[PDB]
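Participant: Residue numbers (this note's numbering), protein chains in the order written: chain U, 1 to 50; chain A, 1 to 49; chain E, 1 to 159. In this text, a Cβ means the ideal position worked out from N, Cα and C, and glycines have one as well.
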Amino acid sequence: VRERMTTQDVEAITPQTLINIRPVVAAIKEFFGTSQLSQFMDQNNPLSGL
Amino acid sequence: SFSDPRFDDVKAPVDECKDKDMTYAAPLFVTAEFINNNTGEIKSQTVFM
Amino acid sequence: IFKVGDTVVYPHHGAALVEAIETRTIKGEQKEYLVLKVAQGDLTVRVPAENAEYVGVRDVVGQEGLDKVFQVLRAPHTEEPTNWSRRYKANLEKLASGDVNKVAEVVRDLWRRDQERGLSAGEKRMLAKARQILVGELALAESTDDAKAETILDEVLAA
Ligand SMILES: C/C(=C\[C@H](C)CCCCC(=O)O)[C@@H]1O[C@@H]2C=C[C@@H]1OC(=O)\C=C/C=C\C=C\[C@H]1O[C@@H]3C[C@H]1O[C@@H](/C=C/C[C@H]1O[C@H](C[C@H](O)[C@H]1C)[C@@H](O)[C@@H](O)/C=C/CC/C=C/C2)[C@@H]3C
């Protein structure tokens, strides 16, 4: 946003144009898969999930 | 600016997601706001996050 | 000048509607912040009524402007050198300028062009975007629909 605040022209831009959500959604998808703390639920008896 | 996050319903229930291998997600919605200092504006949308 | 319900045309974001006048304040002065929402991106704009002419808001265009843009159309005489990058830069500067007659000149130039030889993808997207905002302006000036204004174009696009 701070980059394209300057390169864009004024009196034409909007928050729909300024905002790129793809690094945020890539950070979420890169956390939930392929991290240490996000593991498969160990279920072979209900004590193990707990 | 950035303000007021609000959620929708989940797009698909639990068993259907576990069946069709979709994740159990819900959309974000955030009211962004752009203010021009020189001439005076706000630009308020509902940005899908 | 402004009243509630005037479909007043914002310069870049097409034609917009007003709802009320906010008397909100900065530094104690409750300026007449007209709340002006658009229908394209569903965004609402609040603008102080003082510098509305400075930002370049404009009321809707009438029959004399309709005859002027029909005069700008149907007159196929133009010259631009064949280095198409200069033509692209010229019509992009036009599109950032925001004048209805020049927008009509560029959509008639690109209609004359793609009717003749063929266009690139960015050229076609440029013609489509400028034509769609011109359709929106002509429809909200003549108080009618998109298909009606597009048929009006297709019968005045050098027909
Ligand atoms: C070494 C380690 C996790 C090991 C893979 C499992 C625990 C080792 C301890 C032990 O031997 O009991 C560390 O885990 C985390 C971060 C760094 C380390 O990961 C690491 O560096 C190593 C792997 C990190 C993420 C792996 C993700 C995916 O790899 C597959 C699918 C995803 O997860 C793995 C499965 C993990 C569940 C395990 O659960 C264990 C039993 C089995 O070993 C597994 C079923 C149970 O002991 C369970 O109750 C306990 C889990 C530990 C809780 C997390 C601690 C920190 C499966 C192999």
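Could you name the residues of the same chain whose beta carbon sits closer than 6 Å to that of A/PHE34, not counting the 5 residues immediately before and after it, in chain order?
Facilitator: Cβ within range, chain order: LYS43.
Participant: Name the DSSP bridge partner or partners of E/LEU17?
Facilitator: Per DSSP, E/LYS37.
Participant: Hey, which residues come within less than 6 Å of ligand 1, measuring from Cβ to any heavy atom, in chain order?
Facilitator: Those residues, listed in chain order, are U/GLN36, U/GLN39, U/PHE40 and U/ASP42.
Participant: Counting only beta-carbon separations shorter than 8 Å, does U/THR34 have a partner in chain A?
Facilitator: So, not an interface residue.
Participant: Which residues in the same chain as E/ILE152 place their Cβ atom closer than 6 Å to its Cβ, once the five residues preceding and following it in sequence are excluded?
Facilitator: Closer than 6 Å at the Cβ level, and outside the excluded window around E/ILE152, lies no residue.
Participant: Helix, strand or coil, according to DSSP, for E/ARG108 in the structure here?
Facilitator: If DSSP states are grouped into helix, strand and coil, E/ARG108 belongs with the helices.
Participant: Name the one or two DSSP bridge partners that E/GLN30 has.
Facilitator: DSSP, once it has assigned bridges, lists E/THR25 as partnering E/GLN30.
Participant: Could you give the distance in angstroms between the alpha-carbon of U/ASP9 and the alpha-carbon of E/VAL103?
Facilitator: C-alpha separation (whole angstroms): 19 Å.
Participant: Please identify the residue among A/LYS18, A/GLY40, A/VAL10 and A/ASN36 whose C-alpha is closest to the C-alpha of A/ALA26.
Facilitator: Of the candidates A/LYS18, A/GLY40, A/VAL10 and A/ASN36, the one whose C-alpha sits nearest the C-alpha of A/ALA26 is A/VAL10.
Participant: Across which residues does DSSP place E/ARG46 in a beta bridge pair?
Facilitator: Its beta-bridge partners are A/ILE42 and E/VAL35.
Participant: What first and last residue would you give for the alpha helix (DSSP H) that runs through U/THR7?
Facilitator: Its alpha helix (DSSP H) spans residues 4 to 7.
Participant: Taking C-beta pairs closer than 7 Å, name the residues in chain A that E/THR44 reaches, listed in chain order.
Facilitator: The answer, in chain order, is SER44.
Participant: Under 7 Å between beta-carbons, which chain U residues line up against A/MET22? List them in chain order, please.
Facilitator: The premise fails here: A/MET22 is roughly 13 Å from chain U at the closest Cβ pair, so nothing lies under 7 Å.
Participant: Rounded to the nearest angstrom, what separates E/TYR10 and U/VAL1 at their Cα positions?
Facilitator: Roughly 24 Å separates the two Cα atoms.
Participant: Pick helix, strand or coil for E/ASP67, following the three-state DSSP scheme.
Facilitator: In the structure shown, E/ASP67 sits in a helix (DSSP, three-state: H, G or I).
Participant: Alpha carbon to alpha carbon, what distance is there between E/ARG74 and E/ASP67?
Facilitator: E/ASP67 and E/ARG74: Cα-Cα distance of roughly 11 Å.
Participant: Any beta carbon from chain U within less than 8 Å of residue 242 of chain E's own beta carbon?
Facilitator: What the structure shows of chain E is the stretch from 1 to 159, and residue 242 of chain E is not part of that stretch, so it cannot be assessed.
Participant: So which of E/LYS89, E/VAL57, E/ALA39 and E/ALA128 has the shortest CA-CA distance to E/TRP111?
Facilitator: Checking every option, the nearest Cα to that of E/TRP111 belongs to E/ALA128.
Participant: Under 8 Å, with one C-beta from each stretch per pair, do the region 50 to 65 of chain E and the region 1 to 10 of chain E reach the 3-pair mark?
Facilitator: Yes, they touch.
Participant: When you compare the CB of U/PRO15 with every CB in chain A, is at least one pair closer than 8 Å?
Facilitator: So, interface residue.
Participant: How about the region 84 to 100 of chain E and the region 123 to 137 of chain E: do they share at least three Cβ pairs that are nearer than 8 Å?
Facilitator: The region 84 to 100 of chain E is in contact with the region 123 to 137 of chain E.
Participant: Which partner residues does A/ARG6 have in the DSSP bridge list?
Facilitator: BP columns for A/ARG6 point to A/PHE29.
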